[PDB]
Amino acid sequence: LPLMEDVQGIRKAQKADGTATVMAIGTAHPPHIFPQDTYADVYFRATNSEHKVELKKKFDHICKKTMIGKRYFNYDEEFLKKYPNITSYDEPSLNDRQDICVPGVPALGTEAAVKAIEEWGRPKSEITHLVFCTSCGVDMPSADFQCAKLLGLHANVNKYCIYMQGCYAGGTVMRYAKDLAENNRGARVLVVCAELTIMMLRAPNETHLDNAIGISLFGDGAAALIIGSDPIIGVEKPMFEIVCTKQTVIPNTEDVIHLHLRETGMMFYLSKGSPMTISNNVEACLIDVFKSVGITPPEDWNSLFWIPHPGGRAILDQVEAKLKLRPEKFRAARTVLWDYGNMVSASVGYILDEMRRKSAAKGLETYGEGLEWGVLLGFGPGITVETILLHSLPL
């Protein structure tokens, strides 16, 4: 057994040299396409709420303003008929939602993970850490265990289960991955964000209009990333360096976004002022992430590339307006919101994927739209803001 003076030598040999870097992104979504134009019809019919004409017209108007074109779900109308309790408002339904989400979320997550590992190109044996993230379903052994099992990873992979961290969770996984990759030499972190929104699905209510609004936004999906420090030249494809990661709680805003896991499943509560809380405090979070690493915040926010969580169209609009951004800055975010909706934690991974793919296709200078520095933002319950400062690398 080594001496007291040898402990530091072990630490020096154990830690990685460089910055945690995104080197692969894979995405997945369930097969059932739900176009937004017909969502009011489908939702009200599936939930047997066709008698509520006044609420349907109001919900249809909200759907037309969401700027979501389609969403994907692990269910169709036929599947929902087998679960009348899920399609009701307050009937006991957690058991059924758990029965679907507990095995379904890691299954969907694994699909995205497979695509990320395939792009990465290295053996799955080289994955040392697994960060699994979901707000849909909880179990013991957890979703991380299930994902590692389905992928057939090594028995000693260090796993991290990020349960119920909502819409900011896509930022949280980057924060986790940063420390895991950077503090461990040779470590390759598989990040998986997967969501099956059937956990939040229920019938519409007049007094609880904000729940229906959440159901008009949320879609299913999974995003997976391979993150590691010290990229192997000629083997790995380094894209985004995770330079600084900070989580911020906006004070006195707990009552804004609330989600409770009850006997009726996940109950969603949203105040009408959520886009305002996020937009008015986002700049302070950005100034903080830059100053934490000694970089002077840019005079023009258009100088950075952006991966904001598409919590809703109003969140994107108000953040864009407050940061004085040109319409093309949130192009990747708006394309994802349109094509897939709000996939909770999986959304930012989809945007980062869209950004690097379009940058590589257009032949730009870097993976981050030709720009050097950028920010990945997660927004959710708290109100919590996850600010991830990224430095993109050349093609």
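One-based numbering along the sequence shown.
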Comparing mean C-alpha B factor in the record for 280 to 288 and 78 to 86, the higher one is 78 to 86
316 to 324 or 181 to 189, whichever carries the higher mean Cα B-factor:
316 to 324
Comparing recorded Cα B-factors across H61, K358, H32, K70, which one is largest?
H61
Can you pull the Cα B-factors for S229, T172, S216, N302 from the entry and say which is highest?
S216
For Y43, the third of its chain into which the C-alpha B factor falls:
highest
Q146 by Cα B-factor - lowest, middle or highest third of the modelled chain
lowest
Going by what the PDB entry lists, where does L55 fall on CA B-factor within its chain: lowest, middle or highest third?
highest
Should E236 be placed in the lowest, middle or highest third of its chain by the C-alpha B factor in the entry?
middle
Against its chain's modelled residues, does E118's Cα B factor rank lowest, middle or highest third?
middle
